[PDB]
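Notes follow once the structure below has been shown.
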Amino acid sequence: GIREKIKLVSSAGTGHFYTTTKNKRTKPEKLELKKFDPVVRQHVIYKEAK
Amino acid sequence: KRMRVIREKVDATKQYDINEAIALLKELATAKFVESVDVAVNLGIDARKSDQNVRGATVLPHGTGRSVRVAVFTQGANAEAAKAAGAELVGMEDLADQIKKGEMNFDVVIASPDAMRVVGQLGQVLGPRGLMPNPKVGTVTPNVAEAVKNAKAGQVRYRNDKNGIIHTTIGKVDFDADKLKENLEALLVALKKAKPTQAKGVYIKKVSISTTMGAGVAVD
Amino acid sequence: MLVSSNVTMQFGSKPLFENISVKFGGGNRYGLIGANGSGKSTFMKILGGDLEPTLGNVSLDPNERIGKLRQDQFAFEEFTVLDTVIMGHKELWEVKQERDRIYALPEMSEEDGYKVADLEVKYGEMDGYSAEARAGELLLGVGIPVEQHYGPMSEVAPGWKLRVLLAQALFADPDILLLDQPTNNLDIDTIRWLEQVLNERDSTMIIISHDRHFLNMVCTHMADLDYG
Amino acid sequence: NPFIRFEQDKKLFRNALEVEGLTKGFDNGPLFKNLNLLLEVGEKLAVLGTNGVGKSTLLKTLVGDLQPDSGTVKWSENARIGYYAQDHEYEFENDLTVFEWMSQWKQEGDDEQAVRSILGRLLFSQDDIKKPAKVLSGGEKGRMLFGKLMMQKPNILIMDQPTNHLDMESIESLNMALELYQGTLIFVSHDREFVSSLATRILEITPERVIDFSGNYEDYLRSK
RNA sequence: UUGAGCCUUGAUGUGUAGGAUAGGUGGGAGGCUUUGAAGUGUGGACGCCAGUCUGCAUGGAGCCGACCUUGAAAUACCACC
Ligand SMILES: Nc1ncnc2c1ncn2[C@@H]1O[C@H](COP(=O)(O)OP(=O)(O)OP(=O)(O)O)[C@@H](O)[C@H]1O
Ligand SMILES: Nc1ncnc2c1ncn2[C@@H]1O[C@H](COP(=O)(O)OP(=O)(O)OP(=O)(O)O)[C@@H](O)[C@H]1O
Ligand code: NA
Ligand code: NA
C-alpha cells in the first residue's frame, strides 16, 4: 500500500526494464543499480524512471 | 497634388496583368529621374522563426544598372582576382582602417578565406546598411575576383523583411517591357527555388510593381 | 504555450504538489500565489528547465525565447553591472562571442571565413547591431547612470541592482518568468513604473510577486498553488 | 500562522545608545550630518526613506559591523542585541542542517527540546529539521532568523527589514509578537501598515534634513 | 444601439547623445516648390503639453536631402506590411 511500484529502465538505450517497489517517502532518489541487459547481453546501469 | 490625382487615375483595389502593368508604370513617369522600377513580393514565411528567413542573390541577365565598387577583401589570391576583374579595394585591413576609415563606403565586399580582416574590421561601420559579405549569398567563396565580376553582371541580392516581404528593384524603367518581364520571371524562379522547406501554406500571396515617384499596382 | 504534463516534485517525506497539468500560454498574463515554502520558487525553476521534476515534463515551445533571470542579487557580487547586463538573448551572446574570435584568433582557415561570414549574418539577423542601444535604453530607463556602468556588482545598492538586473529579462523576450518583484522593498514609484511598462509592452509573464496591490494593478490570471 | 513571541532574559532600565555623532558618508556627501538622539528604553523608531538613503549602513554602524568615521555610539553594558540583517546569506553557509543551525545558538538549553520545538512552533516538521538549512528559501530563512531571535531572547532588536519575504499570514504573527514585545527595538521596514501598526518614534532620514519624533507617524504623513 | 471578421481612405507612432514627439525594410544623396510656394491672420484633432496633423484664400514662390549629435537615418521620398 504505502510502498509504491516503480521501474528501472536500462541505460544501454534498449527498451528493457526491471520492476520493483520503493518506499516513496524516505527521500526521492533515482535507484542506481547495475543489472543484466539481455538485449545487449551485458551489465549496464539501470536508472529508475516510471 | 500627385497623390490626389493618382489615387483617382489608378486604383489598387483591383488586380492588374503583366501586360498593362508595365504600360501603366511607364505611363506614370511623373518626375525627372531614372525612376528605377521596383517589385515587391509578399512572401508567406514565418519570419519570426529563423529557418524560414530567405536570403539570396540572383544573377539577372540585364545588369543592376549601377556601378559595382566591389572591394575584393582577400589578401593574395583574392587581391589578384580583384586586380584581374577590376577590384576597387585591395585585400587588406588597411583599406578598412585608413582608406576605409577616411572613405565613405564601398558598394560590395567580396570576401576570401585567405586575408579577410574585414570580418572584424568592418563591424558596425560598413555592415549597418547590409554591406557585409554574406556566406549564403557567396561572399565567403573560393572565388573573390570571379564573384566581383559576377556582381557587375547584375548580381542583385534580396533578404526578407520582418513581416516576410521581399522588395527590390526589378530594373531601370528605361528598359523594355520584354526585358522587365524576363527579369521578373528569373527573379520569381530564383525565389521559388530559394523557398525554405519547412514553409507551410501558400508563400506567394501578392506581387506589386511600383515606380520611385509614381504608385504601384498588383501585377497578378 | 508551455504545457506541464503531470508535473510532480518531491523533497523528502511529503511532496510539494502532485499531478500538475496546466496549459500556460495564450495572450493573458499569469501570476501564481502560495504560502512560501510550498512550490512557487520550485515551480518556476521546473518551468524554466533548471530543475526537472521527479515526474513530468516541460514541453517547451521550440523558439518562443523563454526569459529567465538570476533573482537573488546578494550572491553573485563578482559579475559587474555591464557584465551581468551583457550575459537574455542566448543566441545573440554566443554568436557575439564566436565572432569575437577574429580580433582574438590570430588567423583563420578557409572554412572559418565561411564561418564568420554566416556569423555576422546571424549577428545582424537577431540585431546585434542595435543590441547595445536597446541594452543602454533599458539600463538608463530603469535608473542607473553611465558612471555606474563599469562599477562592480557589490558596490551599488540592491535598490538599483534590481533595476539593472531587470534589464537582463526584457531583451525583447516574450514569455518571461519574473520572480519576486517586491522583496528588497522598492519605492512604490519604481513598482508603478514597472507595472506601467509591463502592462504596455506585450508578452506572457509569470510572476510570484507578494504585493496584493501590485498584483491587482498588473496581472490578469491567478494560479493558486496552495492545497496540492 | 506561526506562533512567535520574543521574550526578555533581562530588562533594561535607563537607555540603550545615547548616540551623539557619526559623520558617516561612504564616498559622497554624508547622507546625515549630526544624528544626536537617545532612547530612554523607548521603542520602534521606524526609520524610513527611499531606495538609497542609508538606513542599513546606519544600522550597521550602530551595531558594530561598521563604525562611524568620527564619534561614538556605546550601548548599555547589560544589553543583548539581536540582529535581523538586511542580507542573510553570510549566515546560511558551511553546510549546516536546520537542527544544527538552530542548535548552534542557545545559552543553557537542551539539544532535543527548546531547539526541536522552537522549530515546530513555526511551520516546520521532522522532515524539515534534517534537510540542509542552506537550501531553504525566503520566508523559511526569515522564520529561521526569527527563531534565532526568540532563542537568544535579546533586549534590543535591530531587525533591518522583517517584512521582506513573509507570507502576509506570518506578517500578522510578526505584528502580534512585536506588539506583545516588552523590550527595545529599532527597525527600518518600509511597509506602510507596519510602521503605522507599531511605530511611534519615527527617525526620518534624508540627505539634507533628518526628522526626529514627529509623532505617531500619522501626524507625520498627514503634514507631509 | 452594441460586439466580431473583411476591404478601402486617411490618420498613428522621442529619448537619453540633442537642430527635431528620428518603425523598419536601403533602391537611391538629388528630388520636393507655382495642376501657386516660405510664414503671416484664423479654426480644428490628438498628445510622457515640448509638440505632430488638417478646410482655407491670401501673402506670391521658398523650404529641403546632406553636412549631422548616430545603434539607425533623417515624412527628398515611392511603394508592402
Ligand atoms: N535542494 C533542496 N533540497 C531539499 N529541500 C529543498 C531543496 N530546495 C528546496 N527545498 C525545500 O522544498 C520546499 C519548497 O520551497 P521553495 O523554495 O520551492 O518555495 P518558494 O515558494 O520559492 O518559497 P517562499 O515561501 O520563500 O517564496 C521548502 O521546504 C524548501 O526548504
Ligand atoms: N556600499 C555602498 N556603496 C554605495 N552607497 C551605499 C552603500 N551602502 C549604502 N549606500 C547608500 O546608503 C543609502 C542608505 O543605505 P541603505 O542601503 O539602508 O538604503 P535604502 O535603499 O533605504 O535601504 P534598503 O534598500 O537596504 O532597504 C543608500 O540609498 C545608498 O545610496
Ligand atoms: Na519564493
Ligand atoms: Na536599509
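Readers should treat all values here as calculations from the given coordinates under stated rules, not as data from a laboratory. No Cβ is skipped: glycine too gets one built from the backbone with ideal geometry, and neighbour counts run over all protein chains shown.
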Cα-based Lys proximity count in the stretch B:51-198, under 22 Å, for pairs eight or more positions apart or on separate chains: 26
Candidate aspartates and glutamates for bridging to residue C:68, where Cα separation is under 16 Å - those fewer than 8 sequence places away on the same chain excluded: C:50, C:52, C:91, C:173, C:175, C:180
C-alpha center-to-center spacing [the stretch B:187-220, the stretch B:110-131] in angstrom: 30
Chain B: most fluctuating residue of B:73, B:33, B:106 per GNM, C-alpha cutoff 10 Å: B:33
Modelled FRET efficiency - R0 56 Å, residue B:167 with residue C:154, Cβ distances, 0.05 increments: 0.60
Alpha carbon centroid spacing (whole Å) that separates the stretch D:44-58 from the stretch C:151-196: 20
Mean projected area (nm²) of the alpha-carbon convex hull when chain A is viewed from all directions: 3.4
Under-5 Å amide H pairs with residue D:80, H placed in peptide plane, nonlocal only: D:155, D:156
Projected area averaged over orientations for chain D, convex hull of C-alpha atoms, nm²: 12.8
Within chain B: Cβ-based charge dipole about Cα centre, in debye rounded to nearest 20 (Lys, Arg +1; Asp, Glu -1): 720
Residue D:70/residue D:212 FRET efficiency (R0 25 Å; Cβ-Cβ; nearest 0.05): 0.80
Largest to smallest principal axis extent of the C-alpha atoms in chain C, angstrom: 61, 40, 34
Helix-only mean residue ellipticity at 222 nm for the protein assembly as shown, each DSSP H run of n ≥ 4 adding -39500 (n - 2.57), per residue, nearest 500: -7500 deg cm²/dmol
Coarse-grained scattering of the protein assembly as shown at q = 0.06, 0.08, 0.11 Å⁻¹, given as base-10 log I(q)/I(0) from a Debye sum over alpha-carbon atoms: -0.57, -0.88, -1.20
37 °C / 0.692 mPa s Stokes-Einstein diffusion coefficient of the stretch C:30-145, Kirkwood radius on C-alpha pairs, µm²/s: 185
For chain B, fraction of C-alpha pairs farther apart than 22 Å, in %: 57
Approximate spin-label separation residue B:80-residue A:33, in nm, with each point projected 7 Å along Cα-to-Cβ: 7.1
Compactness relative to 2.2 N^0.38 Å, alpha carbon Rg of the stretch B:1-76: 1.64
For D:101, C:160, C:193, order by how many other beta-carbon atoms lie within 10 Å, fewest first: C:193, C:160, D:101
For the stretch C:69-102 versus the stretch D:92-110, the gap between their alpha-carbon centres in whole angstrom: 37
Residues in the stretch C:106-123 reached by a label modelled at residue B:97 [backbone nitrogen below 15 Å; 7 Å Cα→Cβ]: C:106-107
Tally of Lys pairs whose C-alpha atoms are under 19 Å apart, taken over the stretch C:88-211, 8 or more apart or cross-chain: 4
Set of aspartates and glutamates with alpha-carbon distance to residue B:14 below 15 Å, sequence-local pairs under 8 removed: B:220
Which of B:38, B:161 has the fewest Cβ neighbours within 10 Å, and the rest in rising order: B:161, B:38
